[PDB]
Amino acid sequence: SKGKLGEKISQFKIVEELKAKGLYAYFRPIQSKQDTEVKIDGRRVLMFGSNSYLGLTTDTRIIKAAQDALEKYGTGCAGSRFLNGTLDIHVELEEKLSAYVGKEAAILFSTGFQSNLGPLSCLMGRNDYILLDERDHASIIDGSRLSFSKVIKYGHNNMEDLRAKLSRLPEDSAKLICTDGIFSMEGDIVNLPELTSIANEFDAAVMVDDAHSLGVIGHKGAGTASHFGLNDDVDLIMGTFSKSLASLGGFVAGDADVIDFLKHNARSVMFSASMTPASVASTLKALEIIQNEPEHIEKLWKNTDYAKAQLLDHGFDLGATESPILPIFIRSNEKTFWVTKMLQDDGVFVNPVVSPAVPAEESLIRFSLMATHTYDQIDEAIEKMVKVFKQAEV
(Lines of atoms letter the chains of each structure in order from A and count residues from 1; the text may use other names and numbers.)
(Lines give C-alpha, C1' and ligand atoms only; values in the text may rest on other atoms or scores of the structure.)
Protein backbone atom coordinates (compact mmCIF):
# COMPACT_ATOMS: atom_id res chain seq x y z
CA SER A 1 0.00 0.00 0.00
CA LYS A 2 1.38 3.47 -0.91
CA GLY A 3 -0.03 6.24 1.38
CA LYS A 4 2.85 6.59 3.92
CA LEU A 5 5.41 5.51 1.28
CA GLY A 6 4.28 8.40 -0.98
CA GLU A 7 4.74 10.79 1.99
CA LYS A 8 8.31 9.45 2.74
CA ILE A 9 9.50 10.38 -0.85
CA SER A 10 7.28 13.54 -1.28
CA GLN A 11 10.02 16.08 -0.26
CA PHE A 12 12.66 14.68 -2.70
CA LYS A 13 12.29 17.37 -5.42
CA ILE A 14 15.93 18.06 -6.57
CA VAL A 15 15.73 15.59 -9.50
CA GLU A 16 12.37 17.00 -10.70
CA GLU A 17 13.85 20.51 -10.47
CA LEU A 18 17.13 19.61 -12.25
CA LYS A 19 15.16 17.94 -15.07
CA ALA A 20 12.70 20.86 -15.48
CA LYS A 21 15.62 23.35 -15.56
CA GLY A 22 17.41 21.27 -18.24
CA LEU A 23 20.35 20.65 -15.85
CA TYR A 24 19.96 16.92 -15.14
CA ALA A 25 23.14 14.93 -15.90
CA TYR A 26 22.92 11.75 -13.75
CA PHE A 27 22.59 8.28 -15.33
CA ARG A 28 23.80 9.73 -18.72
CA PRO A 29 23.25 6.78 -21.17
CA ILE A 30 26.60 5.89 -22.86
CA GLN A 31 26.35 4.03 -26.19
CA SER A 32 29.97 2.87 -26.52
CA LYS A 33 32.85 1.35 -24.56
CA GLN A 34 34.18 3.30 -21.55
CA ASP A 35 37.13 5.15 -23.14
CA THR A 36 38.75 8.60 -23.42
CA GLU A 37 35.76 9.51 -25.71
CA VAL A 38 32.28 8.01 -25.25
CA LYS A 39 29.12 8.34 -27.38
CA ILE A 40 26.06 9.90 -25.72
CA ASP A 41 22.98 10.78 -27.81
CA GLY A 42 25.07 9.82 -30.92
CA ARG A 43 27.68 12.62 -30.08
CA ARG A 44 31.34 12.17 -29.03
CA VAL A 45 32.10 13.34 -25.43
CA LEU A 46 35.55 13.50 -23.73
CA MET A 47 35.45 11.25 -20.62
CA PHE A 48 37.13 12.86 -17.57
CA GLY A 49 34.68 11.25 -15.11
CA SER A 50 35.88 7.61 -15.14
CA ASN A 51 37.60 5.37 -12.60
CA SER A 52 39.30 3.27 -15.33
CA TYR A 53 42.67 4.81 -14.37
CA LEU A 54 44.70 2.63 -16.75
CA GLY A 55 42.17 2.68 -19.69
CA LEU A 56 42.11 -1.14 -19.68
CA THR A 57 38.34 -1.78 -20.26
CA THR A 58 39.08 -1.58 -24.05
CA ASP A 59 42.29 -3.71 -24.03
CA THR A 60 41.59 -6.41 -26.70
CA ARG A 61 43.59 -8.98 -24.64
CA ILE A 62 41.28 -8.44 -21.61
CA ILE A 63 38.14 -8.55 -23.81
CA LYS A 64 39.39 -11.81 -25.43
CA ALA A 65 40.22 -13.34 -21.98
CA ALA A 66 36.61 -12.53 -20.88
CA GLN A 67 35.10 -13.91 -24.15
CA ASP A 68 37.19 -17.14 -23.80
CA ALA A 69 36.00 -17.53 -20.15
CA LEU A 70 32.36 -17.17 -21.37
CA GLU A 71 33.09 -19.91 -24.00
CA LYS A 72 34.58 -22.30 -21.36
CA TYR A 73 32.50 -21.52 -18.19
CA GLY A 74 29.25 -19.93 -19.41
CA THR A 75 27.50 -16.76 -18.23
CA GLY A 76 27.48 -17.29 -14.44
CA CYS A 77 28.15 -19.72 -11.59
CA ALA A 78 24.53 -19.54 -10.20
CA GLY A 79 25.49 -19.64 -6.53
CA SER A 80 27.65 -18.41 -3.61
CA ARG A 81 31.40 -19.25 -3.64
CA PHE A 82 30.56 -21.08 -0.32
CA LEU A 83 28.39 -23.66 -2.14
CA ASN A 84 28.30 -24.25 -5.94
CA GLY A 85 29.81 -20.94 -7.20
CA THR A 86 33.62 -21.55 -6.87
CA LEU A 87 35.65 -22.06 -10.09
CA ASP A 88 39.30 -23.02 -10.32
CA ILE A 89 39.73 -19.50 -11.82
CA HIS A 90 38.34 -17.73 -8.70
CA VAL A 91 41.02 -19.58 -6.63
CA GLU A 92 43.70 -18.67 -9.24
CA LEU A 93 42.74 -15.01 -8.97
CA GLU A 94 42.86 -15.16 -5.13
CA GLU A 95 46.38 -16.66 -5.24
CA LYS A 96 47.49 -14.02 -7.82
CA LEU A 97 46.09 -11.13 -5.75
CA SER A 98 47.63 -12.49 -2.50
CA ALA A 99 51.03 -12.54 -4.28
CA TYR A 100 50.51 -9.03 -5.74
CA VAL A 101 49.73 -7.31 -2.41
CA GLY A 102 52.10 -9.54 -0.38
CA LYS A 103 49.55 -11.42 1.80
CA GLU A 104 48.98 -15.12 2.69
CA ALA A 105 45.46 -15.35 1.24
CA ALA A 106 42.51 -13.57 -0.36
CA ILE A 107 38.73 -13.99 -0.74
CA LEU A 108 36.86 -12.51 -3.71
CA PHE A 109 33.54 -10.71 -3.47
CA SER A 110 31.15 -10.00 -6.40
CA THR A 111 31.51 -6.20 -5.85
CA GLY A 112 33.94 -3.86 -4.21
CA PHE A 113 31.02 -2.60 -2.07
CA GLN A 114 30.44 -6.18 -0.73
CA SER A 115 34.29 -6.53 -0.14
CA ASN A 116 33.98 -3.82 2.54
CA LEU A 117 30.70 -5.23 3.96
CA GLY A 118 32.32 -8.61 4.65
CA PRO A 119 35.21 -7.87 7.08
CA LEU A 120 33.55 -4.80 8.70
CA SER A 121 30.32 -6.75 9.44
CA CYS A 122 31.88 -9.90 11.00
CA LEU A 123 35.31 -9.34 12.75
CA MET A 124 34.41 -6.78 15.48
CA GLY A 125 31.27 -7.61 17.50
CA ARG A 126 29.50 -6.73 20.77
CA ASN A 127 31.84 -4.87 23.20
CA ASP A 128 34.32 -4.18 20.30
CA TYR A 129 34.98 -0.97 18.29
CA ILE A 130 35.49 0.10 14.67
CA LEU A 131 37.32 3.42 14.10
CA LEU A 132 36.58 5.05 10.69
CA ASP A 133 38.07 8.13 9.06
CA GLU A 134 35.05 10.50 8.75
CA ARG A 135 35.62 10.65 4.90
CA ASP A 136 35.62 6.85 4.49
CA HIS A 137 33.70 5.43 1.50
CA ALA A 138 29.95 4.85 1.97
CA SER A 139 30.53 1.01 1.75
CA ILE A 140 32.85 1.20 4.80
CA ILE A 141 30.27 3.14 6.84
CA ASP A 142 27.59 0.61 5.76
CA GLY A 143 29.81 -2.44 6.49
CA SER A 144 30.57 -1.06 9.97
CA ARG A 145 26.81 -0.43 10.49
CA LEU A 146 26.25 -4.19 9.80
CA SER A 147 28.67 -5.14 12.63
CA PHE A 148 27.35 -5.49 16.22
CA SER A 149 30.27 -3.25 17.31
CA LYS A 150 30.37 0.40 18.40
CA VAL A 151 31.36 2.52 15.34
CA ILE A 152 33.44 5.71 16.00
CA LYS A 153 34.40 8.28 13.32
CA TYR A 154 37.64 10.25 13.66
CA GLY A 155 38.57 13.54 12.01
CA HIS A 156 39.79 13.21 8.42
CA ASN A 157 43.50 12.14 8.63
CA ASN A 158 43.40 13.47 12.25
CA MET A 159 45.90 11.20 14.03
CA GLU A 160 45.50 13.14 17.38
CA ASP A 161 41.71 12.46 17.19
CA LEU A 162 42.31 8.78 16.27
CA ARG A 163 44.80 8.38 19.17
CA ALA A 164 42.48 10.20 21.66
CA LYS A 165 39.43 8.10 20.70
CA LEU A 166 41.35 4.77 20.94
CA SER A 167 42.91 5.81 24.32
CA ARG A 168 39.35 6.18 25.78
CA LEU A 169 38.27 2.59 24.97
CA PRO A 170 38.33 -0.36 27.43
CA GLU A 171 41.62 -2.34 27.12
CA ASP A 172 39.67 -5.69 27.14
CA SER A 173 38.06 -5.03 23.72
CA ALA A 174 38.99 -5.62 20.10
CA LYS A 175 39.47 -2.58 17.81
CA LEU A 176 39.67 -2.27 14.04
CA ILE A 177 40.70 0.92 12.13
CA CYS A 178 39.41 1.09 8.55
CA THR A 179 40.52 3.83 6.11
CA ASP A 180 40.42 4.54 2.38
CA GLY A 181 43.98 4.45 0.99
CA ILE A 182 43.33 7.18 -1.57
CA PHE A 183 40.14 9.05 -0.62
CA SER A 184 38.04 9.60 -3.81
CA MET A 185 36.56 13.13 -3.08
CA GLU A 186 39.79 15.13 -2.72
CA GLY A 187 42.18 12.37 -3.99
CA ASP A 188 44.35 12.57 -0.81
CA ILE A 189 46.34 9.69 0.76
CA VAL A 190 45.84 8.34 4.31
CA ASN A 191 48.68 9.07 6.82
CA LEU A 192 49.36 5.32 7.02
CA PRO A 193 52.74 5.66 8.87
CA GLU A 194 51.15 7.45 11.89
CA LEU A 195 47.85 5.47 11.66
CA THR A 196 49.80 2.17 11.84
CA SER A 197 52.08 3.55 14.65
CA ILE A 198 48.91 4.26 16.71
CA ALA A 199 47.32 0.90 15.73
CA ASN A 200 50.53 -0.89 16.93
CA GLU A 201 50.43 1.04 20.28
CA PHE A 202 46.76 -0.01 20.92
CA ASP A 203 46.91 -3.49 19.28
CA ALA A 204 44.13 -2.43 16.86
CA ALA A 205 43.64 -4.22 13.50
CA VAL A 206 44.25 -2.14 10.35
CA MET A 207 42.16 -2.41 7.18
CA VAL A 208 42.90 -0.26 4.04
CA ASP A 209 40.42 0.19 1.15
CA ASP A 210 42.67 0.49 -1.93
CA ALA A 211 39.84 0.94 -4.50
CA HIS A 212 41.58 4.09 -5.93
CA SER A 213 45.16 2.97 -5.01
CA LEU A 214 45.51 -0.37 -6.91
CA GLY A 215 47.07 0.27 -10.35
CA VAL A 216 47.85 3.86 -9.13
CA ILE A 217 50.36 3.90 -6.16
CA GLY A 218 52.75 1.31 -4.68
CA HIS A 219 55.31 -0.93 -6.48
CA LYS A 220 53.79 -2.03 -9.85
CA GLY A 221 50.54 -0.44 -8.46
CA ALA A 222 50.25 -2.81 -5.45
CA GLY A 223 48.60 -0.06 -3.35
CA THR A 224 48.89 2.05 -0.23
CA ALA A 225 50.78 -0.33 2.13
CA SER A 226 53.17 -0.98 -0.78
CA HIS A 227 53.58 2.84 -1.36
CA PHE A 228 54.63 3.35 2.35
CA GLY A 229 56.55 0.04 2.80
CA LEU A 230 54.02 -0.91 5.59
CA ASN A 231 52.74 -4.36 4.31
CA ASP A 232 53.69 -5.74 7.80
CA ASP A 233 51.53 -3.17 9.74
CA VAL A 234 48.31 -3.61 7.64
CA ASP A 235 46.13 -6.64 8.61
CA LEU A 236 43.65 -6.51 5.66
CA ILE A 237 44.05 -5.00 2.16
CA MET A 238 40.72 -4.56 0.39
CA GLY A 239 40.46 -3.74 -3.29
CA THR A 240 37.90 -3.43 -6.09
CA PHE A 241 38.20 -4.66 -9.72
CA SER A 242 35.91 -1.94 -11.15
CA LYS A 243 38.60 0.84 -11.43
CA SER A 244 42.19 0.14 -12.67
CA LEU A 245 41.37 -3.57 -13.07
CA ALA A 246 38.65 -2.82 -15.69
CA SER A 247 36.09 -5.37 -14.37
CA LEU A 248 33.62 -5.91 -11.48
CA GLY A 249 34.19 -7.46 -8.06
CA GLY A 250 36.65 -7.08 -5.23
CA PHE A 251 38.76 -8.85 -2.63
CA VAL A 252 40.13 -8.82 0.85
CA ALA A 253 43.66 -10.15 1.37
CA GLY A 254 45.37 -10.96 4.65
CA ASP A 255 46.64 -13.70 6.93
CA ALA A 256 45.32 -17.19 5.97
CA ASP A 257 43.58 -17.62 9.39
CA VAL A 258 41.75 -14.24 9.15
CA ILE A 259 40.75 -14.85 5.49
CA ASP A 260 39.53 -18.39 6.31
CA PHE A 261 37.36 -16.87 9.11
CA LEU A 262 35.97 -14.21 6.65
CA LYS A 263 35.19 -16.55 3.79
CA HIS A 264 33.03 -18.72 6.20
CA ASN A 265 31.47 -15.83 8.30
CA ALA A 266 30.97 -12.76 6.03
CA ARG A 267 27.30 -12.65 4.92
CA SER A 268 28.26 -10.70 1.75
CA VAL A 269 30.30 -13.76 0.49
CA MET A 270 28.16 -16.65 1.93
CA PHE A 271 24.83 -15.21 0.69
CA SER A 272 25.66 -13.62 -2.67
CA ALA A 273 26.45 -15.26 -6.02
CA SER A 274 30.09 -15.41 -7.11
CA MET A 275 31.85 -13.23 -9.76
CA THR A 276 30.98 -14.13 -13.38
CA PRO A 277 33.64 -16.16 -15.24
CA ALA A 278 34.14 -13.27 -17.69
CA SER A 279 34.91 -10.84 -14.78
CA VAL A 280 37.36 -13.34 -13.15
CA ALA A 281 39.26 -13.72 -16.49
CA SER A 282 39.29 -9.91 -17.25
CA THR A 283 40.60 -9.21 -13.72
CA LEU A 284 43.28 -11.94 -14.10
CA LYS A 285 44.42 -10.53 -17.50
CA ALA A 286 44.31 -6.90 -16.30
CA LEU A 287 46.42 -7.82 -13.22
CA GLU A 288 49.08 -9.41 -15.53
CA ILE A 289 49.14 -6.27 -17.78
CA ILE A 290 49.51 -3.77 -14.86
CA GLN A 291 52.65 -5.66 -13.65
CA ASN A 292 54.14 -6.72 -16.99
CA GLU A 293 53.67 -3.33 -18.77
CA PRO A 294 54.95 -0.47 -16.56
CA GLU A 295 54.01 2.11 -19.27
CA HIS A 296 50.30 2.19 -18.17
CA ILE A 297 50.99 3.52 -14.63
CA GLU A 298 53.80 5.78 -16.01
CA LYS A 299 51.41 7.37 -18.56
CA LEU A 300 48.60 7.77 -15.95
CA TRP A 301 51.05 9.87 -13.87
CA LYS A 302 52.39 11.84 -16.89
CA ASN A 303 48.74 12.72 -17.67
CA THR A 304 48.04 13.52 -14.00
CA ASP A 305 51.16 15.71 -13.66
CA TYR A 306 50.40 17.55 -16.93
CA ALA A 307 46.67 18.14 -16.24
CA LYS A 308 47.27 19.29 -12.61
CA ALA A 309 50.01 21.71 -13.79
CA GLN A 310 47.74 23.09 -16.61
CA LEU A 311 44.73 23.50 -14.18
CA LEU A 312 46.81 25.39 -11.56
CA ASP A 313 48.36 27.56 -14.38
CA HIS A 314 44.80 28.54 -15.56
CA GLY A 315 44.10 29.47 -11.90
CA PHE A 316 41.59 26.71 -11.02
CA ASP A 317 41.25 26.11 -7.28
CA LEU A 318 42.23 22.42 -6.70
CA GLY A 319 41.71 20.15 -3.71
CA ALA A 320 44.70 18.64 -1.84
CA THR A 321 44.95 15.67 -4.25
CA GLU A 322 47.89 13.21 -4.37
CA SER A 323 46.29 11.08 -7.09
CA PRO A 324 44.82 11.14 -10.62
CA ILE A 325 41.62 12.65 -9.09
CA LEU A 326 41.76 16.47 -9.70
CA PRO A 327 38.97 18.02 -7.61
CA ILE A 328 38.15 21.49 -9.04
CA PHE A 329 36.32 23.75 -6.47
CA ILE A 330 33.19 25.68 -7.57
CA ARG A 331 31.68 26.34 -4.05
CA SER A 332 28.03 26.74 -5.25
CA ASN A 333 25.63 23.80 -5.81
CA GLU A 334 23.68 25.79 -8.48
CA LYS A 335 26.96 26.65 -10.34
CA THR A 336 28.21 23.01 -9.94
CA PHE A 337 25.03 21.67 -11.65
CA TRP A 338 25.20 24.44 -14.37
CA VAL A 339 28.99 23.85 -15.08
CA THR A 340 28.41 20.06 -15.19
CA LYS A 341 25.56 20.27 -17.74
CA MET A 342 27.22 23.04 -19.86
CA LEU A 343 30.38 20.85 -20.07
CA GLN A 344 28.28 17.82 -21.05
CA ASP A 345 26.58 19.89 -23.81
CA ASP A 346 30.05 21.02 -25.09
CA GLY A 347 31.40 17.42 -25.14
CA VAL A 348 33.18 17.13 -21.70
CA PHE A 349 32.12 14.60 -19.00
CA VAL A 350 33.02 15.51 -15.39
CA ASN A 351 31.41 14.40 -12.09
CA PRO A 352 29.74 16.87 -9.69
CA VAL A 353 30.00 16.74 -5.88
CA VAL A 354 27.15 18.77 -4.27
CA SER A 355 25.03 19.14 -1.11
CA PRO A 356 23.98 17.20 0.77
CA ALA A 357 27.18 15.04 0.26
CA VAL A 358 29.36 18.20 0.87
CA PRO A 359 28.71 21.73 2.14
CA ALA A 360 27.65 24.11 -0.72
CA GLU A 361 30.95 26.07 -0.21
CA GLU A 362 32.98 22.82 -0.93
CA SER A 363 30.91 21.78 -4.04
CA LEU A 364 33.26 20.78 -6.87
CA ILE A 365 33.71 18.85 -10.14
CA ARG A 366 36.03 15.83 -10.20
CA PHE A 367 38.33 15.58 -13.22
CA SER A 368 39.94 12.10 -13.35
CA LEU A 369 42.83 11.06 -15.64
CA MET A 370 43.19 7.73 -17.56
CA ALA A 371 46.57 6.42 -18.86
CA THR A 372 45.01 6.45 -22.38
CA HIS A 373 44.21 10.21 -22.29
CA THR A 374 46.29 12.29 -24.70
CA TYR A 375 47.68 15.78 -23.88
CA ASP A 376 45.50 17.08 -26.83
CA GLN A 377 42.37 15.67 -25.13
CA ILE A 378 43.40 17.23 -21.75
CA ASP A 379 44.04 20.56 -23.47
CA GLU A 380 40.59 20.51 -25.22
CA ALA A 381 38.80 19.70 -21.93
CA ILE A 382 40.65 22.48 -19.95
CA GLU A 383 39.96 25.03 -22.82
CA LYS A 384 36.24 24.11 -22.62
CA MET A 385 36.32 24.25 -18.74
CA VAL A 386 37.87 27.78 -18.85
CA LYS A 387 35.01 28.88 -21.17
CA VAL A 388 32.22 27.28 -19.05
CA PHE A 389 33.68 28.75 -15.77
CA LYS A 390 33.64 32.19 -17.56
CA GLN A 391 30.02 31.68 -18.83
CA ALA A 392 28.99 30.51 -15.29
CA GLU A 393 30.66 33.49 -13.43
CA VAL A 394 32.57 31.15 -10.93
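Numbers for residues come from their place in the sequence shown, where the first is 1.
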Looking at the entry, does 269-277 or 198-206 show the higher mean C-alpha B-factor? 198-206
Entry-level comparison of average CA B-factors, 356-364 and 343-351, reporting the higher stretch: 356-364
Among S244, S226, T75, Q310, which carries the highest Cα B-factor? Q310
Compare the CA B factors listed in the entry for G143, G215, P170, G249 and report the winner. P170
What third of the chain, by the recorded C-alpha B-factor, contains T321? middle
Would you mind checking where the Cα B-factor of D257 ranks among the modelled residues of its chain, as the lowest, middle or highest third? middle
For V91, the third of its chain into which the C-alpha B factor falls: lowest
Would you mind checking where the Cα B-factor of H296 ranks among the modelled residues of its chain, as the lowest, middle or highest third? highest
If you rank the chain by CA B-factor, which third does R126 end up in: lowest, middle or highest? highest
